[PDB]
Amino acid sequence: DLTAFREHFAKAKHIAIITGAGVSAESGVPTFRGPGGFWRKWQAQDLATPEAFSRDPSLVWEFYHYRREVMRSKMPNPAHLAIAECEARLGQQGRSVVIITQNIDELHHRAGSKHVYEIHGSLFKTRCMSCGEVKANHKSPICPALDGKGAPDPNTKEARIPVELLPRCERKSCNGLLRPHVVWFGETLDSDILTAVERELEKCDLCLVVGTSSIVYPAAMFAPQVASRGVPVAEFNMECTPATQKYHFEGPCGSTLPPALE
């Protein structure tokens, strides 16, 4: 029942909202996972690893360049906005709202969300392989060598860009090769971030799960913590639940969520 949810919403003084790929999907962002989510020959599993990058950093950058470029035409959907505006409205009332997102497309940022935790990093940050510096970067194209590259056609010719011309660190002494500041398969999360999120989820008195479910990674690292304190948890996603069954609102976050937060 929705009214039942809103009664909590009304009381809640510290809301945490966990967001997953469902919400980026509704803005038309490809996840590259499972059926028909190929990029050329490969899927994300294949390319989003340190080995792939060591082996073929031109190819990996072609991939990530493409992903950066397709964001120029995907906009935040109503879910993104309804969140950001909710954060704003409630902050004015001294009530907090934080986003913990598994998405790396900066859509929440572009919606106007402020207190956001990007646990898998972001397509629009780099990390220097040599000095470890983390810079924002939105340059299209990120470097000239990649201009007009990274086409997704299965049959596209590899650009086979020499490493020295891929994105490099600007600190003159360094010039290290840059990598996307995104968490790849086989890498750990930043524990500083996890420790902050832990703190936020301990504080919270209502938790929302959006475009993913509490049973699955990464919602599952946490909801146990919040739920075991007796805090309500509301999911908004497209999965069913059985006849005989913490609230669930089946359907597109674009539709379900804004009424919920108005």
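Under this definition, the rigid core comprises the largest set of C-alpha atoms superposing within 1.5 Å between the forms. Don't overthink the numbering: it's just position in the shown sequence, from 1.
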item: Divergent stretch in 8 other deposited structures of this protein, 204-212 or 23-31 [C-alpha RMS, superposed by the core]; value: 23-31
item: Segment of greater CA departure in 8 other deposited structures of this protein, 94-102 or 149-157, core superposed; value: 149-157
item: Unmodelled stretch of the deposited sequence separating residue 245 from residue 246, binned as none, 1 to 3, 4 to 9 or 10 or more; value: 1 to 3
item: Segment of higher mean CA temperature factor, 146-154 or 116-124; value: 146-154
item: Residue stretch of maximal mean CA temperature factor, 219-227 vs 30-38; value: 30-38
item: Given 72, 80, 95, 160, the residue at which the Cα B factor reaches its maximum; value: 160
item: Top residue by Cα temperature factor, when 179, 89, 171, 108 are compared in the entry; value: 171
item: Ranked C-alpha temperature factor of residue 212 among modelled chain residues, by third; value: middle
item: Among modelled residues of the same chain, the CA temperature factor third for residue 253; value: middle
item: Position of residue 193 among the chain's modelled residues by C-alpha B-factor, lowest, middle or highest third; value: lowest
item: Within-chain third of residue 240 by Cα B-factor, per the entry; value: highest
item: CA B-factor ranking of residue 55, expressed as a third of its chain; value: highest
